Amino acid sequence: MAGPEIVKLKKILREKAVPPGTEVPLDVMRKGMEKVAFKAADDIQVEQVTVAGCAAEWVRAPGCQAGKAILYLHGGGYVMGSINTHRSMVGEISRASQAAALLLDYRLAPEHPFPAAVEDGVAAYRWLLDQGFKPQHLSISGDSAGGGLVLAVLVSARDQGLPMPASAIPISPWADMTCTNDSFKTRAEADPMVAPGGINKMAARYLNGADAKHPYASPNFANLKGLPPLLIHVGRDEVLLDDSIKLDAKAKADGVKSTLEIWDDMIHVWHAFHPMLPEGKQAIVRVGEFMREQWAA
């Protein structure tokens, strides 16, 4: 059934998880995420750059093809996460796709609420086009809050007249700020991650009074017509299951070439656990293949 890695991983995550209900201050969560972040592989080279007023890093694994790039939007519920927390996983995505990744330190809430993150994402994409990268040589990817942001950035870029990239790969996307999908109940017991009444708090902090059904905050409610080919990754054992299934339905309905992959026994952004999780490495390899596939077309 389930690999021994995932089983032990779920065990470890449940042991370290903070009890439901307990309110962890934001700076504490932010420092905790930074503290436990995985160190990127020794062969991942990095270059600090500033993009659209944001700190960023070009994350290049060996084997990167010149002319191609990935705009990567990190997870962290729009309130935490950074270049440092995602450098390891992004390095591996760069390895599998044979393309350098632009890891953006976009503005976070509550200091900079919605639509600050979307503006930064769109500006970073504009920046890439301005640097000379061709739309057909580009890809946008991100996890969790970052996965939703991938879609939000695409819709906003499109509305502003920007060309669409060759592909987009949202990982465990959070594309519905309302958090009302059934999976928050049907997949809760199997989701070792936290938890959430904790997730409603992040939505509150990000929106800061904005309509939770705003297209740029919750892409599952947006018009996705014209968006590029999509690869949607999501674990069957996560509370955001329904977000990915509904995103896929919305996309196909809007004429978008969408490919949803629900990985059995997997958890929220299981990719991040590639060091100890075979499925993690596998999923990342798949993201890379899909990106290469779309760039070849």
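Quick note: we count residues from 1 along the sequence shown, nothing fancier.
- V194, though modelled here, lacks coordinates in at least a third of the other entries of this protein that were compared and that model residues flanking it.
- Stretches 158-166 and 68-76 differ in mean CA B factor, with 158-166 having the higher one.
- Per the PDB record, of the two stretches 33-41 and 53-61, 33-41 carries the greater mean B-factor over its C-alpha atoms.
- Note on the listed residues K185, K201, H112, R87: the highest Cα temperature factor in the record is that of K185.
- The PDB entry gives the largest Cα B-factor of the residues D176, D191, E119, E92 to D191.
- Sort the chain's modelled residues by C-alpha temperature factor and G288 lands in the lowest third, per the entry.
- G148 sits in the lowest third of its chain by CA B factor, as recorded in the PDB entry.
- Ranked by Cα temperature factor within the chain, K134 sits in the highest third according to the deposited record.
- Annotation for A272: CA B-factor lies in the lowest third of the chain's modelled residues.
- Ranked against the other modelled residues of its chain, the C-alpha B-factor of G197 as given in the entry falls in the highest third.
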